[PDB]
Ligand SMILES: Fc1cccc(-c2cnoc2-c2c[nH]c3ncc(-c4ccncc4)cc23)c1F
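Numbering (the authors' numbering), first residue to last: 6 to 172, 187 to 198, 203 to 355.
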């Protein structure tokens, strides 16, 4: 008996099945480690989640588990296993086990220059994965390079469905969020495409006002139609108080980019969410012609829906629902 496993002064109780732990990353209420699975004889990714002190954290944990266990797609991360305590009174943490990928798009863009063919293939896989998510009437709401996992052969998977809802990181947030619909994910994909083209975030604001200023600095001052929606009074009056800003052509920001990539980028980074390109039209765009294949782009059989009103349930009821949902991965 070795006792419970530990990583950087905190318990990571995944043994005896998962051993030889190595720290990967950390979040506000969760740590990610790689581990050796002695059953499948392969290294896996394990996320420790400690959400029971807050109702919102419990909601996100339950939403992610239910969505990922239901979803089955090549470009979406699956859940292989879930570890938690034998009794609800002892359950203070939840460990989700997933495939261990090589890296993420955040790390790849920090150290590698991407060829147009690699940008095209990654964009294709993101939209193919998004086509499946959106067909299930689910919004990811937090697409960004760190949520895009890559294997050695350049295959891509979308992860982190904690903020997903039935129909976030500031730099990839759609202007209407700051001013939610399926179109908010297309914006985020637009921001990721622009980042793949230059290895730099296109709208790197320090705060929400600086974010809007970064967006207007490239798209130009918004029109009357762009602003007239169910917009926040302060945000509207602020945008109206700003001096005129000229639109910066895409070929001026990305002078060495493929003209087809910039035409698609234009349609994804449209201020008005109603005029923004939808996932099926984006896949069919001439930029993705080499990879577009509607015969091999699966969709969800039916739209996703939660049986209960998760927002209204007390954290103690959500703790019970998490215990019940994770019971199928327990022995017996
Ligand atoms: F729910 C889970 C369960 C296990 C891990 C995660 C998670 C959260 N953020 O990335 C991951 C990863 C899942 N599989 C992975 N494989 C590799 C990497 C990784 C990232 C950066 N450098 C190297 C490896 C991350 C993950 C997760 F969301």
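For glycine and all other residues, C-beta sits at the position ideal for the given N, C-alpha and C.
Beta-carbon to beta-carbon, residue 152 and residue 172 are separated by about 19 Å, too far to satisfy the 8 Å threshold.
Straight-line spacing of the CA atoms in residue 275 and residue 290 works out to 17 Å.
Your pair residue 93 and residue 343 checks out as a contact, with CB atoms roughly 7 Å apart and the cut at 8 Å. If you draw a straight line from the Cα of residue 205 to the Cα of residue 324, it is about 18 Å long. Positions of the beta strand (DSSP E) runs, each at least 3 residues long and wholly inside the region 26-64, are given as 35-42, 47-54 in order along the chain. The continuous stretches of beta strand (DSSP E) do not include residue 149, and DSSP gives it neither H nor E. Under DSSP, residue 103 shares a beta bridge with 50. Here residue 167 is near residue 65, since their CB atoms are less than 7 Å apart. For residue 161, the enclosing beta strand (DSSP E) stretches over residues 161-163.
Counted as a single uninterrupted DSSP element, the alpha helix (DSSP H) harbouring residue 196 occupies residues 194-197. Beyond the five residues adjoining it in sequence on each side, residue 346 comes within less than 8 Å, by CB distance, of 89, 93, 96 in the same chain, given in chain order.
Contact annotation, residue 209 with residue 226: C-beta distance approximately 15 Å; criterion of less than 8 Å not satisfied. Excluding its 5 nearest sequence neighbours in each direction, residue 195 has C-beta neighbours in its own chain below 6 Å: 296, listed in chain order. A residue is called buried once 16 or more other Cβ atoms fall within 10 Å of its Cβ, and residue 35 is buried on that count. Of the residues assessed, residue 103 falls on the buried side of the cut-off, its CB having 16 or more other CB atoms within 10 angstroms.
Residue 277 sits away from residue 242, with the two beta carbons spaced by 7 Å or more.
The secondary-structure analysis by DSSP pairs residue 86 across a beta bridge with 102.
For residue 148 against residue 106, the beta-carbon gap comes to about 16 Å, at or over 8 Å, which does not count as contact. For residue 120, there is no enclosing alpha helix (DSSP H), since its DSSP letter is neither H nor E. For ligand 1, a non-hydrogen atom lies closer than 6 Å to the CB of residue 29. With fewer than 16 other CB atoms across the displayed protein chains lying within 10 angstroms of its CB, residue 266 is exposed.
For the pair of segments examined, the region 218-234 was found not to touch the region 313-324: the number of CB pairs separated by less than 8 Å stays below three. Classified as buried, residue 211 has 16 or more neighbouring CB atoms from the shown chains inside 10 Å of its CB. A Cβ-Cβ separation of about 6 Å places residue 132 in contact with residue 302 under the 8 Å criterion.
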